[PDB]
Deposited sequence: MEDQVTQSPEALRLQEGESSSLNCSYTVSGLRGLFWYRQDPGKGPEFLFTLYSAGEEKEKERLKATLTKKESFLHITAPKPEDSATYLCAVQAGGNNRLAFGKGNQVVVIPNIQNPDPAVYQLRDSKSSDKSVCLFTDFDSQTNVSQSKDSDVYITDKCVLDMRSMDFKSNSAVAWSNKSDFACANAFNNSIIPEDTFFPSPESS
């Protein structure tokens, strides 16, 4: 079968990196690279047939060897954040043996950080008190917890062109609940 390393890869915007795909099949007919967003279907990228073949498209480059395959990324963007899938086709079956993928996350560079926690106005159809942790760095951890629900770093809309700021949300219907520090720490 085939295995890709690393399984997860979080890197800041601008830094280059390389993805690995090690395969062990008999009678290789072609190695495929794919890109998949969480709810979407896989997006085609490359198809490598022979060893030593280099095929480069936009800020991506796919290299094939007799033992593994590399997918290099040059100056990635937040859109490049996806699960990059590697597949091989071997033998007489036209199926695709996919790897487990590389969960790539490219975090945007926040220019002017200013972390603050606000409490938004209550709703007329909800008994919760929502807190907003916003305007923090790209490399900040958000952990949940008891009966207090805490979200994670939201992912900006793919078609968004303004207001690029990370925001976390916590809420609870407890009376002994305050937005003072329902979240985590500033390292």
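According to the record, no C-alpha positions are given for deposited positions 1-3, 149-150, 193-205, numbered from 1.
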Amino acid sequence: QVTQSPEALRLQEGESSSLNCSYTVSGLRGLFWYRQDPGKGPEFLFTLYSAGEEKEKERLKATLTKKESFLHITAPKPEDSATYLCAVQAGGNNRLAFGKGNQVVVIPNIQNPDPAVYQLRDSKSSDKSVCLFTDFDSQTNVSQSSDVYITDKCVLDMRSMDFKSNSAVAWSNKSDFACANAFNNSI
From here on, numbers count along this sequence of modelled residues.
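Judged by mean Cα B factor in the deposited record, 51-59 ranks above the other of 23-31 and 51-59.
A summary of the deposited B-factors shows that, of 155-163 and 62-70, the stretch with the larger mean C-alpha value is 155-163. In this structure the maximum Cα B-factor among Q36, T134, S146, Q119 is found at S146. When the CA B factors of the chain's modelled residues are split into thirds, the value for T3 lands in the middle one. Sort the modelled residues of the chain by CA B factor and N93 lands in the lowest third.
Per-chain ranking of the deposited C-alpha B factor places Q103 in the middle third. Ranked by Cα temperature factor within the chain, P76 sits in the middle third according to the deposited record.
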